[PDB]
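Next up is one chain by itself, shown in structure tokens, the form deposited without the named molecule.
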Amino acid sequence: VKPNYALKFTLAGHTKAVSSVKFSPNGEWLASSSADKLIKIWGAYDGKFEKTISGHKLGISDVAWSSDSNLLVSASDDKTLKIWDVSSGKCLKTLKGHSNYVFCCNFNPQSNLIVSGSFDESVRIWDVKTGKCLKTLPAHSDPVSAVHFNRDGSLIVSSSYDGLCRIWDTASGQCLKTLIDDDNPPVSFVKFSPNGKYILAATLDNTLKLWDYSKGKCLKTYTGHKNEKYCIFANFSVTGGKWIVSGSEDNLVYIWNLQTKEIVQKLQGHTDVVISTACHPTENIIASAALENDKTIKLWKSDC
């Protein structure tokens, strides 16, 4: 079986390249971050603009929701992360500690911690309540492209332009594993699978790979798209058919069958690199965002 995603809405608003889009865990909203220093909230089902959240001094590279859909955390070129209360729009805390651009961020499952990756080549773990840095991990030898907590939050996976994917013990900060294949291209994105058994990793050699974390080996590879310059997000679509979703440097959204690795659909419409995609938690809905020459977000819907 194959999906039939069709364009339903195009969201205009950001004045510069959009950097990331994420659906709230409760499925009510879509948050977007942009090089325009802003975060915008949109209705997940109707694509209707809700509000703008401002505060950062420079462009934003990533934004993420807390487990209860009440908070957001953003990573910016101003070298800070900001925790926001979505309902009030207030900046609850500004996390200062990184010495260079903050590139990626995420809350842990209980949302009491935030993990961040920066151009300073480190990974930091922060306490949400106090906004204080708990640990600084000398994780890589190049910018950290992504950071993500596993299902129970005991592990953190990080990726970097240095070509490595490393898994860290949240409590001790010890490097528990370094994953790399036969080549050393920059690793542009990583994240644990929904069940926490795998790690989906993107490398700047036009490849996505599904790794078995425990065994430390590559199980599947997804190819066919273009990705050699930007850190494009990738997702696990689990509402209908089990797919792998990702933007591409040819302005398209690619969708692969996770098990067979075959391309099942390509979404056309954006006018620039699709830097970020996200899959709704309960409906077969995909949100995609593009760079500078496009500046829009698109919502696609499928029956399966």
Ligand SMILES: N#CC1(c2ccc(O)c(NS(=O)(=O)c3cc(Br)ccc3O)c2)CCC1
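Shifts are known only where both forms have a C-alpha. Whichever C-alpha set is largest while still superposing within 1.5 Å between the two forms counts as the rigid core. For every residue, the number given is its place in the sequence shown, counted from 1.
Q. For the C-alpha atoms alone, is the average B factor greater in 132-140 or in 70-78, going by the entry?
A. Of 132-140 and 70-78, the stretch with the higher C-alpha B-factor average is 132-140.
Q. Out of 141-149 and 196-204, which stretch has the higher average CA B-factor listed in the record?
A. Taking the mean B-factor of the alpha carbons in each, 196-204 is higher.
Q | Deposited CA B-factor, highest of 19, 296, 282, 15 | A | Among 19, 296, 282, 15, the PDB entry lists the largest C-alpha B-factor for 282.
(Q) According to the Cα B-factor stored in this entry, which of the following is highest: 171, 167, 123, 83? (A) So the option with the highest C-alpha B-factor is 171.
Q.
Ranking the modelled residues of this chain by C-alpha B-factor as given in the entry, is residue 55 in the lowest, middle or highest third?
A. Ranked within chain, residue 55 CA B lands in the middle tercile.
Q: Please place residue 213 in the lowest, middle or highest third of its chain by C-alpha B factor as given in the entry.
A: According to the entry, residue 213 has a C-alpha B-factor in the chain's highest third.
Q. Among the modelled residues of its chain, does the C-alpha B-factor of residue 98 lie in the lowest, middle or highest third?
A. Tercile = lowest for this residue's CA B-factor.
Q) Hey, what third does residue 37 fall into on Cα B-factor, ranked over its chain? A) According to the entry, residue 37 has a C-alpha B-factor in the chain's middle third.
Q.
By the recorded C-alpha temperature factor, relative to the other modelled residues in its chain, which third is residue 249 in?
A. Middle third by C-alpha B-factor.
Keep in mind that the form solved in complex with the named molecule is not shown, yet the notes after this line are about it.
**Q.** Contact residue in the deposited bound form, chosen from 69, 237, 251, 265 - any heavy atom within 4.5 Å of the named molecule
**A.** In short, 237.
Q: Just give me the single entry in 132, 135, 220, 226 that has a non-hydrogen atom within 4.5 angstroms of the named molecule in the deposited bound form.
A: Filtering the options by heavy-atom distance leaves 220.
**Q.** Touches the named molecule in the deposited bound form: residue 210 (any heavy atom, 4.5 Å)
**A.** Taking the distances in the deposited bound form, the answer for residue 210 is yes, it comes within 4.5 Å of the named molecule.
(Q) in the deposited bound form, is there a heavy atom of the named molecule that lies within 4.5 Å of any heavy atom of residue 198, even though the partner is absent here? (A) Heavy-atom contact with the named molecule at 4.5 Å: present for residue 198.
Q. Is there a heavy atom of residue 170 no more than 4.5 Å from a heavy atom of the named molecule in the deposited bound form?
A. Result no; residue 170 lies far from the named molecule in the deposited bound form.
(Q) Is it the case that residue 242, even though its partner is missing from this view, gets within 4.5 Å of the named molecule in the deposited bound form, heavy atoms only? (A) Taking the distances in the deposited bound form, the answer for residue 242 is yes, it comes within 4.5 Å of the named molecule.
Q: With the named molecule left out here, work out from 88-96, 190-198, 171-179, 123-131 which stretch has heavy atoms within 4.5 Å of it in the deposited bound form.
A: Residues of 190-198 come within 4.5 Å of the partner.
Q. Is any part of 250-271 within 4.5 angstroms of the named molecule in the deposited bound form by a non-hydrogen atom, and which residues would that be?
A. The stretch touches the partner through 258, 259.
Q) What moves between this form and the one not shown once the core is lined up, counting runs of 3 or more consecutive residues with C-alpha shifts of 2 angstroms or more? A) When the rigid core is held fixed, residues 180-182 make up the only run that shifts.
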